[PDB]
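In what follows, a single structure is set out as structure tokens and then discussed.
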Amino acid sequence: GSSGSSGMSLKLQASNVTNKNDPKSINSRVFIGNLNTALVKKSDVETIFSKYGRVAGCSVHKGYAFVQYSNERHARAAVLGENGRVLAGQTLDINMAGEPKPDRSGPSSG
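Residue numbers (the working numbering): 1053 to 1162.
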């Protein structure tokens, strides 16, 4: 039997210049979008994702909802696990928490 390399590469990137973001609770977090947030509650969505693992903190907003986990895996699981699901007719758009800024710039460092 033989086995090749599959998982190994792990780059972070994007680490410089100040910003107006909170890196707190960014380790393991999920951003639930396209959420009607009209019928779906936090207590519910909680038991929905809770499956992936107890959420450190969840927050339901009008239009979207957030979910925090202890491990980075408990998130990804809930990320893909949920990401793609439909609710109310719309496909719950979920993704990992951690987005850059909508803007580009030259090589400013040196």
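Beta carbons are placed, not taken as given, at the ideal position from N, Cα and C, and that holds for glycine.
C-alpha distance - residue i paired with residue j, whole-angstrom precision
{"i": "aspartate 1155", "j": "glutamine 1120", "result": "27 Å"}
{"i": "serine 1054", "j": "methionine 1060", "result": "17 Å"}
{"i": "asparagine 1123", "j": "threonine 1070", "result": "26 Å"}
{"i": "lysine 1094", "j": "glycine 1162", "result": "46 Å"}
{"i": "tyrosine 1116", "j": "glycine 1109", "result": "15 Å"}
{"i": "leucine 1091", "j": "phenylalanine 1083", "result": "18 Å"}
{"i": "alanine 1130", "j": "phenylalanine 1118", "result": "11 Å"}
Cβ-Cβ distance between residue i and residue j below 8 Å
{"i": "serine 1067", "j": "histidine 1126", "result": "no"}
Residue i - DSSP class collapsed to helix/strand/coil
{"i": "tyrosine 1104", "result": "helix"}
{"i": "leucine 1132", "result": "helix"}
{"i": "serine 1061", "result": "coil"}
Residue burial classification, residue i (beta-carbon count within 10 angstroms, cutoff 16)
{"i": "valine 1138", "result": "exposed"}
Nearest candidate by alpha-carbon position, reference residue i, set the options
{"i": "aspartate 1145", "options": "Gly1162, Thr1089, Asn1071", "result": "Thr1089"}
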